[PDB]
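Engineer: Next up is a structure, given as structure tokens.
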Amino acid sequence: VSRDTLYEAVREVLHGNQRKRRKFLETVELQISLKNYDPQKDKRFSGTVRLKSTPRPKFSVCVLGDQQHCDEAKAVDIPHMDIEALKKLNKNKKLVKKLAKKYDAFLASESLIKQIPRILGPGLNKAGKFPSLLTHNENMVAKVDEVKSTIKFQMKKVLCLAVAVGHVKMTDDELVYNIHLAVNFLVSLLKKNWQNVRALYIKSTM
Amino acid sequence: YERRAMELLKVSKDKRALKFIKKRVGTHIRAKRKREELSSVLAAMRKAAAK
Amino acid sequence: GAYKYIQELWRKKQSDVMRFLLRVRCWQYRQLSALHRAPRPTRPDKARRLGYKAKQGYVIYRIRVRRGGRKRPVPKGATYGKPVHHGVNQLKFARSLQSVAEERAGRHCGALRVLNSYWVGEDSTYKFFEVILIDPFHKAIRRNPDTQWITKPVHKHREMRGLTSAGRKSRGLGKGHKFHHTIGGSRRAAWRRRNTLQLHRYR
Amino acid sequence: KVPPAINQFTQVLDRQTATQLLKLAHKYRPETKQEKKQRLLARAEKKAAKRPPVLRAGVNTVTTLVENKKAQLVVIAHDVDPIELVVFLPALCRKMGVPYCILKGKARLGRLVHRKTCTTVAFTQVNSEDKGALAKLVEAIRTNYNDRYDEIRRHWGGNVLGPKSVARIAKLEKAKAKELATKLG
RNA sequence: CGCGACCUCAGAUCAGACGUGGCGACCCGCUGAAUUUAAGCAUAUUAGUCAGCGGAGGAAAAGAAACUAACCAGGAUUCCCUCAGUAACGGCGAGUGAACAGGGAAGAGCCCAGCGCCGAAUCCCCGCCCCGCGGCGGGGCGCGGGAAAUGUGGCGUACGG
RNA sequence: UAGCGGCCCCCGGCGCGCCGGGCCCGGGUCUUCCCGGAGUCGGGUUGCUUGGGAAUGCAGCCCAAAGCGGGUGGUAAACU
RNA sequence: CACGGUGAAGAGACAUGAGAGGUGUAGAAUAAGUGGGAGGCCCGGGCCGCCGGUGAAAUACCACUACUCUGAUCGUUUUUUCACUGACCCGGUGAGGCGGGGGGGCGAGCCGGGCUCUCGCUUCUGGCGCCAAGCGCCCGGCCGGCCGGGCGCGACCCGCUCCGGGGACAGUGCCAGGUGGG
Ligand SMILES: [Mg+2]
Ligand SMILES: [Mg+2]
Ligand SMILES: [Mg+2]
Ligand SMILES: [Mg+2]
Ligand SMILES: [Mg+2]
Ligand SMILES: [Mg+2]
Ligand SMILES: [Mg+2]
Ligand SMILES: [Mg+2]
Ligand SMILES: [Mg+2]
Ligand SMILES: [Mg+2]
Ligand SMILES: [Mg+2]
Ligand SMILES: [Mg+2]
Ligand SMILES: [Mg+2]
Ligand SMILES: [Mg+2]
Ligand SMILES: [Mg+2]
Ligand SMILES: [Mg+2]
Ligand SMILES: [Mg+2]
Ligand SMILES: [Mg+2]
Ligand SMILES: [Mg+2]
Ligand SMILES: [Mg+2]
Ligand SMILES: [Mg+2]
Ligand SMILES: [Mg+2]
Ligand SMILES: [Mg+2]
Ligand SMILES: [Mg+2]
Ligand SMILES: [Mg+2]
């Protein structure tokens, strides 16, 4: 997409903030719409947008990790949970789905994605849980802030998505850099070029 | 034919539009250039329409 | 200047303004005779591109020519020979209709030299060409040092020997590997030089 | 159906605007060969012992000093022999903001300068006495052409039949109208 | 209505010029066969030849790359030697058939339009005087007439300006 | 006939000199601007032509341009 | 295919864009799937839920699109019909009264008057018919008289094709198939 009309859209919603003055927490989003790709057919695109600002104020995160993910996690204030604690979660598929539905997206260590398909593989992708691996550097400080808001553009049984980006309190040029990342990643991820779109509503939430 | 080609590109029959432009102007390179500048002027009209 | 605007606007012949003007003017020139004096160039920038200067001595003669190929003028379509020469209908003239316009204008006004010519309109039955002619004995042309190649007797009837632009385009002349058959000055010169036998004295 | 780029030359200045413009133009006429030869003599008898403002004539001069922004008013004749000499020129003047008017008579417009015909003239500057006069001309002219150009650009000419065919249609359609009045009685 | 511009188009035994026609060995533009060969013949060949038509000059045409090349690159055109009876075309038959590079003969380059700036600075013609006057030209004077702003001249052209 | 043999005319070409008029002109360095020929190229088709072979050139007809573009780079075509 | 246009309907293509129905239940119903969400709306309080409850995806909050249907007006093109004329064509003429608008004589129905249509002055005979009478308004020459001109009605005005007849079809240009002992 071009950037001039996207500038016009972000100016009209930066001055459409005064139309709303939000209190259900200040965050906006955008939509993406596609025209003639069959929702039941192949060439399904499935990718992750790395985003650098995370303009979503309360991103809900937890970690699922082994030893040496204890003390640094307690000092960064993210709750830590062990393999026998996942056995405690596995003692019923009652509470674990509710905690994973209250939380948005997880991340987990190397050897616990080995144990997440015990009997709970199809239980956990029922709520869309593929926990993302850490590394051997063992520094999750702001790397979790980077892994969050990596928006999954995924094709499923109908032809549209919506992406959670933005608050007008942040700076405009970085916000349009975020929407630029989203739109050029999806235009590259599509089977054809930017002709496949209908429009873009980078609007307020409410 | 230029009006008919932007009318094809509005409905986003881009492959048939390029074939029709090839049948009109001749060489495929000139056809690609013609379709690109028709996409440019049609994008100019669309970016004029929102303001 | 205005001439680049005029030139780029003559380039957009399928536009509405040009289609209207070509239709209206083509009707006008179809209403007149096949060879008539034009008081000024219809295409001023095109004329001055081809060599016109708005001064005394340059005249414009506008020509109507009939379109199509050259039907072979044999009685009842019978060319009495081998079937490779039985063609009557779909044959073509080796020179262009523009050069036909120049030679008609020159052979009428034989006291004038054909400089160049250009296209001004057509329909299905006629092509219309404006030919620039020059009077080599007018004193403006006779006393301008920049224009007196035409005063010399070697430039009598350039349009009949193909020395004009539309005349030289039909001869196959040019530089390079596409024009090996006109090395010399012509197809004539190349054929003569290649189909000769150099019998030397001492061999 | 005349295209609007040609049809815009059929809409002109009226008599009052034309006479007020010509009255201004009669004072900025370029000097003839006589009052240039004697102007040479008058310069020589004082320098051998600034140029006042003039009208710029012709499509090339006027086109060049319109795209240079240097024009302040431009008058274009309605009736040039190929109209393509000037059919671009209202569009050019509108984009570069130059006040343009279309005047009847290239014969009059080339009687301004001392010739037979001229396509267009242009006021580049005027004296301080006539600056208010050019202001009143420009404020009259710009309300007809430069501000109305987006309406002018889509207004097509011609498409009006013969009076005999218009009369035949009028009789037929009034018969249909009176019969439609007879429908309800 | 009438007068005057302009445009377009007429008329004149108006003033001054120019073309026609001939020759045609050589040259340029078209048009263009068949005999012949293929042991027949139709594509091919003859042949872009003869015949036909138009236009010249003491030469014509061509000519300063919308080129050759693929190199350590050359450098308008024309002509000679070689390329070469070769690449290639061909009922792949009969037959046809170049080009570049190389060595020479010659050797020369340049100009517009366009883009721009300079009070159209430009051109033609008639009157008078002086000169020269058998290639009608030079200087000056004309409140002499036209052309030309629908673009003349000066600078300037791809090697850049 | 031979001869850098003679004589007399004529027509040039070649030098210097005078009058009038014209022309009152450049190279380098840096900065700022500007730059191009369209029913033409090109495509299809037809016919002729060429050694030019999926088309060498020309022409008719139809389509019909662009400007970091176009043409060529001897096998049609796409990407670079 | 081109020259080759104008308008109005019929038949399509359903593009800009308006409205709209979703059942293996579970659960606030009837969640078409998905991104994300800790505190709107209504004006400190109130409202289901995000959570409980819990099924094949858990629904607050705002979202995009869809699947299909329907209407709307500019889908914009294509196609058929009906018309138009300005290209083109044909005919007639010494391109002689074409088309409207008047104004006038009749008729039709109403109260001297408005409106629709119509007509425009030649048929009793093998004559003749032009080159204006008449009326009105001006102008001139000789002392109201004579002589001698001009304009306007008579012979209405306005126009954009001479008048008709066809017409985007004949036709012509270039290709394509058929036919073709001419
Ligand atoms: Mg030939
Ligand atoms: Mg020569
Ligand atoms: Mg060519
Ligand atoms: Mg005479
Ligand atoms: Mg034989
Ligand atoms: Mg034999
Ligand atoms: Mg035989
Ligand atoms: Mg041959
Ligand atoms: Mg001959
Ligand atoms: Mg001759
Ligand atoms: Mg001679
Ligand atoms: Mg030459
Ligand atoms: Mg060479
Ligand atoms: Mg050999
Ligand atoms: Mg041969
Ligand atoms: Mg060589
Ligand atoms: Mg100039
Ligand atoms: Mg010059
Ligand atoms: Mg050059
Ligand atoms: Mg002797
Ligand atoms: Mg051949
Ligand atoms: Mg290549
Ligand atoms: Mg190749
Ligand atoms: Mg037969
Ligand atoms: Mg026979």
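Residue numbers start at 1 in each chain; chains themselves are named A, B, ... in the order of the structure tokens; ligands are numbered from 1 in the order shown.
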When DSSP works through the backbone of this structure, what residues of range 65-180 of chain D end up as helix (DSSP H, G or I), shown as a PyMOL selection string?
Structural biologist: chain D and resi 65-67+83-85+89-95+106-112+131-141+149-152+163-180
Engineer: Running DSSP on the backbone, which parts of range 8-67 of chain C land in strand (DSSP E), as a ChimeraX atom specification?
Structural biologist: /C:35-38,58-66
Engineer: Calculated over only C-alpha atoms (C1' of nucleotides), which of the candidates C:203, C:187, C:55, C:156 has the smallest distance to chain F?
Structural biologist: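 Using only C-alpha atoms (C1' of nucleotides), the shortest distance to chain F belongs to C:187.
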Engineer: Which residue is closest to ligand 11? Choose from C:19, C:41, C:113, C:153 and count only C-alpha atoms and all ligand atoms.
Structural biologist: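 Among C:19, C:41, C:113, C:153, it is C:153 that comes nearest to ligand 11.
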Engineer: Taking into account only C-alpha atoms, which residue in the set A:90, A:35, A:19, A:100 is nearest to chain B?
Structural biologist: A:35
Engineer: Residues within 10 Å of residue 56 in chain A, please, as a PDB file with C-alpha atoms (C1' of nucleotides), in the first residue's frame. Count only C-alpha atoms (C1' of nucleotides); anything in the same chain fewer than 2 positions from it doesn't count.
Structural biologist:
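Printed below is result-v1.pdb as written:
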ATOM      1  CA  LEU A  25      -8.433   0.762  28.102  1.00  0.00           C
ATOM      2  CA  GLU A  26      -6.897   3.058  25.543  1.00  0.00           C
ATOM      3  CA  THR A  27      -5.902   0.914  22.565  1.00  0.00           C
ATOM      4  CA  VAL A  28      -6.812   0.878  18.883  1.00  0.00           C
ATOM      5  CA  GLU A  29      -6.582  -1.766  16.171  1.00  0.00           C
ATOM      6  CA  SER A  53       7.187  -0.668  20.192  1.00  0.00           C
ATOM      7  CA  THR A  54       4.352  -3.026  21.260  1.00  0.00           C
ATOM      8  CA  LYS A  58      -1.607  -4.759  28.811  1.00  0.00           C
ATOM      9  CA  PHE A  59      -0.138  -7.677  26.869  1.00  0.00           C
ATOM     10  CA  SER A  60      -0.864 -10.794  28.907  1.00  0.00           C
ATOM     11  CA  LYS A 148       4.940 -10.043  22.412  1.00  0.00           C
ATOM     12  CA  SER A 149       2.945  -8.268  19.669  1.00  0.00           C
ATOM     13  CA  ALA A 164      -4.105  -5.187  17.534  1.00  0.00           C
ATOM     14  CA  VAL A 165      -1.882  -2.129  16.940  1.00  0.00           C
ATOM     15  CA  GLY A 166      -1.882   1.329  18.405  1.00  0.00           C
ATOM     16  CA  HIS A 167      -2.570   4.078  20.892  1.00  0.00           C
TER      17      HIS A 167
ATOM     18  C1'   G G  36      -6.538  -9.471  20.852  1.00  0.00           C
ATOM     19  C1'   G G  37      -8.698  -7.640  25.545  1.00  0.00           C
TER      20        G G  37
END
Engineer: Neighbours of ligand 2 within 12 Å, counting only C-alpha atoms (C1' of nucleotides) and all ligand atoms, as a PDB file with N, CA, C and O atoms (P, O5', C5', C4', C3', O3' and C1' of nucleotides), in the first residue's frame?
Structural biologist:
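Done, and the output landed in pocket.pdb:
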ATOM      1  N   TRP C 149      21.199  25.127 -50.337  1.00  0.00           N
ATOM      2  CA  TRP C 149      21.581  23.902 -51.033  1.00  0.00           C
ATOM      3  C   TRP C 149      20.604  23.607 -52.169  1.00  0.00           C
ATOM      4  O   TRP C 149      21.010  23.151 -53.237  1.00  0.00           O
ATOM      5  N   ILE C 150      19.316  23.892 -51.954  1.00  0.00           N
ATOM      6  CA  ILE C 150      18.253  23.722 -52.945  1.00  0.00           C
ATOM      7  C   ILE C 150      18.360  24.610 -54.181  1.00  0.00           C
ATOM      8  O   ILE C 150      17.732  24.308 -55.199  1.00  0.00           O
ATOM      9  N   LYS C 152      20.994  24.982 -55.994  1.00  0.00           N
ATOM     10  CA  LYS C 152      21.898  24.270 -56.876  1.00  0.00           C
ATOM     11  C   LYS C 152      21.126  23.296 -57.759  1.00  0.00           C
ATOM     12  O   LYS C 152      20.114  22.737 -57.335  1.00  0.00           O
ATOM     13  N   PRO C 153      21.574  23.079 -58.999  1.00  0.00           N
ATOM     14  CA  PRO C 153      20.807  22.228 -59.923  1.00  0.00           C
ATOM     15  C   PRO C 153      20.778  20.749 -59.563  1.00  0.00           C
ATOM     16  O   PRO C 153      19.979  20.012 -60.154  1.00  0.00           O
ATOM     17  N   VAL C 154      21.603  20.282 -58.623  1.00  0.00           N
ATOM     18  CA  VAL C 154      21.559  18.870 -58.252  1.00  0.00           C
ATOM     19  C   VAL C 154      20.329  18.535 -57.419  1.00  0.00           C
ATOM     20  O   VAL C 154      19.929  17.366 -57.347  1.00  0.00           O
ATOM     21  N   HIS C 155      19.673  19.534 -56.838  1.00  0.00           N
ATOM     22  CA  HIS C 155      18.470  19.314 -56.055  1.00  0.00           C
ATOM     23  C   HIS C 155      17.196  19.582 -56.843  1.00  0.00           C
ATOM     24  O   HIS C 155      16.163  19.898 -56.249  1.00  0.00           O
ATOM     25  N   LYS C 156      17.243  19.463 -58.166  1.00  0.00           N
ATOM     26  CA  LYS C 156      16.021  19.452 -58.955  1.00  0.00           C
ATOM     27  C   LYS C 156      15.276  18.147 -58.723  1.00  0.00           C
ATOM     28  O   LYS C 156      15.835  17.067 -58.941  1.00  0.00           O
ATOM     29  N   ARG C 158      13.849  16.506 -55.892  1.00  0.00           N
ATOM     30  CA  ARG C 158      14.318  15.582 -54.862  1.00  0.00           C
ATOM     31  C   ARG C 158      13.309  14.476 -54.612  1.00  0.00           C
ATOM     32  O   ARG C 158      13.685  13.321 -54.370  1.00  0.00           O
ATOM     33  N   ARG C 161      13.621  11.405 -56.994  1.00  0.00           N
ATOM     34  CA  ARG C 161      14.790  10.573 -56.849  1.00  0.00           C
ATOM     35  C   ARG C 161      14.894  10.013 -55.444  1.00  0.00           C
ATOM     36  O   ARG C 161      15.828   9.261 -55.161  1.00  0.00           O
ATOM     37  N   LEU C 163      15.297  11.646 -52.465  1.00  0.00           N
ATOM     38  CA  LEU C 163      16.252  12.312 -51.599  1.00  0.00           C
ATOM     39  C   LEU C 163      15.585  13.036 -50.445  1.00  0.00           C
ATOM     40  O   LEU C 163      16.282  13.571 -49.580  1.00  0.00           O
ATOM     41  N   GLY C 185      25.421   3.211 -52.726  1.00  0.00           N
ATOM     42  CA  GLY C 185      24.439   4.227 -52.426  1.00  0.00           C
ATOM     43  C   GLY C 185      23.031   3.700 -52.501  1.00  0.00           C
ATOM     44  O   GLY C 185      22.090   4.385 -52.102  1.00  0.00           O
TER      45      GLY C 185
ATOM     46  P     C E  27      25.927   3.389 -63.701  1.00  0.00           P
ATOM     47  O5'   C E  27      25.319   4.629 -62.921  1.00  0.00           O
ATOM     48  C5'   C E  27      26.084   5.310 -61.948  1.00  0.00           C
ATOM     49  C4'   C E  27      25.307   6.437 -61.333  1.00  0.00           C
ATOM     50  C3'   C E  27      23.946   6.084 -60.770  1.00  0.00           C
ATOM     51  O3'   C E  27      24.007   5.441 -59.514  1.00  0.00           O
ATOM     52  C1'   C E  27      23.799   8.104 -61.986  1.00  0.00           C
ATOM     53  P     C E  28      22.846   4.435 -59.069  1.00  0.00           P
ATOM     54  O5'   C E  28      21.662   5.383 -58.625  1.00  0.00           O
ATOM     55  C5'   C E  28      21.798   6.229 -57.504  1.00  0.00           C
ATOM     56  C4'   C E  28      20.609   7.136 -57.368  1.00  0.00           C
ATOM     57  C3'   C E  28      19.256   6.458 -57.298  1.00  0.00           C
ATOM     58  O3'   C E  28      18.956   5.893 -56.036  1.00  0.00           O
ATOM     59  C1'   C E  28      19.139   8.256 -58.809  1.00  0.00           C
ATOM     60  P     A E  56      14.737  17.462 -64.486  1.00  0.00           P
ATOM     61  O5'   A E  56      16.267  17.712 -64.144  1.00  0.00           O
ATOM     62  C5'   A E  56      17.271  16.797 -64.547  1.00  0.00           C
ATOM     63  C4'   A E  56      18.236  16.541 -63.423  1.00  0.00           C
ATOM     64  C3'   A E  56      19.663  17.003 -63.637  1.00  0.00           C
ATOM     65  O3'   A E  56      19.843  18.376 -63.367  1.00  0.00           O
ATOM     66  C1'   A E  56      19.666  14.812 -62.788  1.00  0.00           C
ATOM     67  P     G E  57      20.963  19.185 -64.165  1.00  0.00           P
ATOM     68  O5'   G E  57      22.336  18.664 -63.559  1.00  0.00           O
ATOM     69  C5'   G E  57      22.737  18.951 -62.229  1.00  0.00           C
ATOM     70  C4'   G E  57      23.997  18.197 -61.896  1.00  0.00           C
ATOM     71  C3'   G E  57      25.213  18.569 -62.725  1.00  0.00           C
ATOM     72  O3'   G E  57      25.940  19.644 -62.164  1.00  0.00           O
ATOM     73  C1'   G E  57      24.935  16.227 -62.749  1.00  0.00           C
ATOM     74  P     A E  59      32.735  17.560 -61.269  1.00  0.00           P
ATOM     75  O5'   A E  59      32.671  16.129 -60.577  1.00  0.00           O
ATOM     76  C5'   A E  59      31.579  15.754 -59.752  1.00  0.00           C
ATOM     77  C4'   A E  59      30.406  15.276 -60.565  1.00  0.00           C
ATOM     78  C3'   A E  59      29.233  14.728 -59.784  1.00  0.00           C
ATOM     79  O3'   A E  59      28.422  15.730 -59.211  1.00  0.00           O
ATOM     80  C1'   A E  59      29.692  13.301 -61.596  1.00  0.00           C
ATOM     81  P     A E  60      27.833  15.530 -57.735  1.00  0.00           P
ATOM     82  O5'   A E  60      26.748  14.386 -57.911  1.00  0.00           O
ATOM     83  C5'   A E  60      25.584  14.625 -58.674  1.00  0.00           C
ATOM     84  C4'   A E  60      24.833  13.357 -58.973  1.00  0.00           C
ATOM     85  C3'   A E  60      24.313  12.584 -57.776  1.00  0.00           C
ATOM     86  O3'   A E  60      23.100  13.110 -57.275  1.00  0.00           O
ATOM     87  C1'   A E  60      25.359  11.102 -59.277  1.00  0.00           C
ATOM     88  P     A E  61      22.942  13.467 -55.723  1.00  0.00           P
ATOM     89  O5'   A E  61      22.707  12.061 -55.023  1.00  0.00           O
ATOM     90  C5'   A E  61      21.674  11.194 -55.457  1.00  0.00           C
ATOM     91  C4'   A E  61      21.979   9.763 -55.107  1.00  0.00           C
ATOM     92  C3'   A E  61      22.376   9.500 -53.667  1.00  0.00           C
ATOM     93  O3'   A E  61      21.254   9.389 -52.812  1.00  0.00           O
ATOM     94  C1'   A E  61      23.889   8.412 -55.106  1.00  0.00           C
ATOM     95  P     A E  62      21.300   9.980 -51.326  1.00  0.00           P
ATOM     96  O5'   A E  62      22.481   9.186 -50.639  1.00  0.00           O
ATOM     97  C5'   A E  62      22.340   7.826 -50.274  1.00  0.00           C
ATOM     98  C4'   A E  62      23.668   7.293 -49.834  1.00  0.00           C
ATOM     99  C3'   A E  62      24.269   8.022 -48.653  1.00  0.00           C
ATOM    100  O3'   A E  62      23.816   7.487 -47.428  1.00  0.00           O
ATOM    101  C1'   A E  62      25.870   7.850 -50.370  1.00  0.00           C
ATOM    102  P     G E  63      22.965   8.374 -46.407  1.00  0.00           P
ATOM    103  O5'   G E  63      24.024   8.764 -45.289  1.00  0.00           O
ATOM    104  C5'   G E  63      25.062   7.861 -44.942  1.00  0.00           C
ATOM    105  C4'   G E  63      26.385   8.565 -44.784  1.00  0.00           C
ATOM    106  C3'   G E  63      26.337   9.920 -44.113  1.00  0.00           C
ATOM    107  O3'   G E  63      26.276   9.822 -42.707  1.00  0.00           O
ATOM    108  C1'   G E  63      27.721  10.019 -46.030  1.00  0.00           C
ATOM    109  P     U E  77      30.886   4.309 -42.844  1.00  0.00           P
ATOM    110  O5'   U E  77      30.563   4.830 -44.306  1.00  0.00           O
ATOM    111  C5'   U E  77      29.265   5.272 -44.645  1.00  0.00           C
ATOM    112  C4'   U E  77      29.291   6.169 -45.849  1.00  0.00           C
ATOM    113  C3'   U E  77      29.805   5.545 -47.121  1.00  0.00           C
ATOM    114  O3'   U E  77      28.870   4.684 -47.736  1.00  0.00           O
ATOM    115  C1'   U E  77      30.698   7.712 -46.894  1.00  0.00           C
TER     116        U E  77
END
Engineer: Contacts of residue 60 in chain F at 6 Å or less, counting only C-alpha atoms (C1' of nucleotides), minus same-chain residues fewer than 5 places along, as number ranges by chain?
Structural biologist: C: 68-69, 92
Engineer: Rounded to one decimal place, report the CA of residue 46 in chain C-CA of residue 130 in chain C distance in Å.
Structural biologist: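 These atoms are spaced 10.2 Å apart.
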Engineer: Show me which residues are within 12 Å of ligand 24 counting only C-alpha atoms (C1' of nucleotides) and all ligand atoms, and format the list as a PyMOL selection string.
Structural biologist: chain G and resi 179-182
Engineer: Output C-alpha atoms (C1' of nucleotides) for every residue in the selection just made, as a PDB file, in the first residue's frame.
Structural biologist:
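Result went into out.pdb, see below:
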ATOM      1  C1'   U G 179     -16.972 -20.207 -55.388  1.00  0.00           C
ATOM      2  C1'   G G 180     -14.466 -19.552 -59.856  1.00  0.00           C
ATOM      3  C1'   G G 181     -12.073 -23.518 -67.112  1.00  0.00           C
ATOM      4  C1'   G G 182     -14.382 -16.359 -67.089  1.00  0.00           C
TER       5        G G 182
END
